[PDB]
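Undergrad: Sequence positions in the sequence shown follow the entry's author numbering and run 372 to 425, 429 to 519.
Idealized CB from N, CA, C, for every residue including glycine.
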Amino acid sequence: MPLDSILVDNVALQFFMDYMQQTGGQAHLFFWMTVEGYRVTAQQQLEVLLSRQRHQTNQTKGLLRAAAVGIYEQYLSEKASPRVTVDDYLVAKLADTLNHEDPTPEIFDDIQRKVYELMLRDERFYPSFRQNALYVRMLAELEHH
Ligand SMILES: [Cl-]
Ligand SMILES: [Cl-]
Ligand SMILES: [Cl-]
Ligand SMILES: [Cl-]
């Protein structure tokens with residue numbers, strides 16, 4: 372069962388999360404999931420502010439900014455626990471954008487793609503997860519169909 376599907380099935384995802392915790396990748400996966408949540412929230416909350424011209431937008435904007443900043447500080451920030459590592463200029467670009475511009479849903483998308491790539495084919499994530507007992511156990515929930 373492939374990573375594309377693992378990440379989006381909450382039964383199967385648990386096994387992968389466990390594996391990542393054990394191998395100390397958990398950070399990447401969390402980052403990814405947070406970004407996935409974040410984007411959708413931004414789209415929901417900012418598409419409301421278009422059809423809300425016919429009124430506390432500030433509340434929304436500040437929340438999204440906070441969320442963005444939180445994501446940065448937890449995961450991409452230099453001074454950060456595990457800290458997902460990717461093309462340093464992408465992170466720097468993101469930081470620049472944050473430091474003088476209202477955030478969009480997509481600010482994270484470039485970094486998120488790289489992180490997904492890492493999770494897919496870095497020998498220490500998915501490819502050795504599929505070589506682990508946890509994978510086998512997960513595929514034990516064919517019994518959940
Ligand atoms: Cl489990
Ligand atoms: Cl968390
Ligand atoms: Cl910042
Ligand atoms: Cl972008």
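1. Does DSSP put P479 in a helix, a strand or coil?
2. Using a threshold of 8 angstroms, is the CB atom of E491 nearer than that to any non-hydrogen atom of ligand 4?
3. Would you grab the beta carbon distance between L492 and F499 for me? Rounded to a whole angstrom, and I think it's under 8 angstroms.
4. The alpha helix (DSSP H) that contains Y509, what's its start and end?
5. May I ask you to check if the CB of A469 is nearer than 8 angstroms to at least one heavy atom of ligand 3?
6. Can you tell me which of the three DSSP states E515 falls into?
7. Considering only their Cβ atoms, is the gap separating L468 from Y446 smaller than 9 angstroms?
8. Taking all protein chains shown into account, do 16 or more other C-beta atoms lie within 10 angstroms of the C-beta of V382, making it buried, or fewer, making it exposed?
9. Classify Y509: buried if its beta carbon has 16 or more other beta carbons within 10 angstroms, exposed otherwise.
10. Residues in its own chain within less than 7 angstroms of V465 by CB, not counting five upstream and five downstream?
11. Closer than 8 angstroms by C-beta to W403: which residues in its own chain qualify, once you throw out the five before and the five after it? Chain order, please.
12. Tell me which same chain residues have a C-beta within less than 7 angstroms of the C-beta of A442, skipping the five on either side of it?
13. Would you call the CB atoms of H518 and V458 closer than 9 angstroms?
14. Under a three-way DSSP split, which group does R495 fall into?
15. Tell me whether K467 sits in a helix, a strand or coil according to DSSP, three-state version.
TA: In short:
1. Shown here, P479 sits in coil according to DSSP, grouped into three states, outside any helix or strand.
2. For ligand 4, no non-hydrogen atom lies closer than 8 angstroms to the CB of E491.
3. With a Cβ gap of about 7 angstroms, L492 and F499 count as contacting.
4. From DSSP, the alpha helix (DSSP H) with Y509 extends over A507 to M512.
5. The closest heavy atom of ligand 3 lies less than 8 angstroms from the beta carbon of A469.
6. Residue state, collapsed to three classes: coil.
7. Yes. Within cutoff.
8. Exposure of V382 is indicated by the presence of fewer than 16 other C-beta atoms within 10 angstroms of its C-beta.
9. Buried is the call here.
10. For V465, same chain residues with a beta-carbon under 7 angstroms away, outside a window of 5 residues either side, are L450 and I485 in chain order.
11. Excluding the 5 residues flanking it on each side, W403 has same chain C-beta neighbours closer than 8 angstroms at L378, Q486, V489, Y490 and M493, in chain order.
12. Here the set comprises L472, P477 and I481.
13. In this structure, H518 keeps its C-beta atom at 9 angstroms or more from the C-beta atom of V458.
14. Helix, per DSSP.
15. DSSP places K467 within a helical segment (H, G or I) once states are collapsed to three.
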